[PDB]
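Right, one structure below, let's go through it.
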Amino acid sequence: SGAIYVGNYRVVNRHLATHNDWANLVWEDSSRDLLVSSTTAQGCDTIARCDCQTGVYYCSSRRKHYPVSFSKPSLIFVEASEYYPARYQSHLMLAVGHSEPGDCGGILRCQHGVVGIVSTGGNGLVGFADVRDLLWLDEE
Ligand SMILES: COc1ccccc1CCN1C[C@@H](C(N)=O)CCC1=O
Ligand SMILES: [Zn+2]
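By the count of PDB author numbering, the sequence shown reaches residue 146 at its end, each step adding exactly one.
Okay, here's the thing in structure tokens:
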């Protein structure tokens, strides 16, 4: 589990969105595994606006933050899970790192701010849904 709290937005994995998230929906995209809802309180996270390919992510299944090198956001085939059939997920970045399904939501960050959240993984891989292109997260 986990979310990004930037401005009056809450960014979560779409497959982990709550009823409250759907009832306060701002934007969702199944192909990216992302959903954004509105919040009453202001958040403290800031979004990275950069082209970093190194950063640090939080792994809840180890209670640890790990440094990683990750690929550029791309269209990758993701195996069937409890929440989606086997399909292509867009804006996904892969790295070598430990992950288990419940690690979804953990933040990946770089020196500039939040880069994305854990969304896929398996067998010593971890995949992150990028948010750096969602410029509207920084305003209104
Ligand atoms: C960190 O994720 C791991 C790690 C190990 C093994 C599997 C996963 C996640 C598998 N999966 C894919 C998600 C997606 N973005 O399509 C949907 C929900 C889900 O359970
Ligand atoms: Zn950066």
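Just so it is clear, CB atoms sit at the ideal spot from N, CA and C, and this is done for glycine as well.
Around the Cβ of residue i, are there at least 16 other Cβ atoms within 10 angstroms (buried) or fewer (exposed)?
{"i": "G111", "result": "buried"}
{"i": "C56", "result": "exposed"}
{"i": "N26", "result": "exposed"}
{"i": "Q117", "result": "exposed"}
{"i": "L81", "result": "exposed"}
Are the CB atoms of residue j and residue i within a distance shorter than 7 Å?
{"i": "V121", "j": "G61", "result": "yes"}
{"i": "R20", "j": "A9", "result": "no"}
{"i": "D39", "j": "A135", "result": "yes"}
{"i": "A54", "j": "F76", "result": "no"}
{"i": "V42", "j": "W28", "result": "no"}
What residues in its chain sit with their C-beta under 7 Å from that of residue i, if we drop five residues either side in the sequence?
{"i": "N14", "result": "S44, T45, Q48"}
Residues in its own chain within less than 6 Å of residue i by CB, not counting five upstream and five downstream?
{"i": "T126", "result": "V84, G133"}
{"i": "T52", "result": "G119"}
Does at least one heavy atom of ligand 2 sit under 6 Å from the Cβ of residue i?
{"i": "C58", "result": "yes"}
{"i": "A54", "result": "yes"}
Using three-state DSSP, classify residue i as helix, strand or coil.
{"i": "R55", "result": "coil"}
{"i": "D39", "result": "coil"}
Got a sec? Which residues, its chain only, sit under 8 Å from residue i by beta carbon, not counting five neighbours each side?
{"i": "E145", "result": "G13"}
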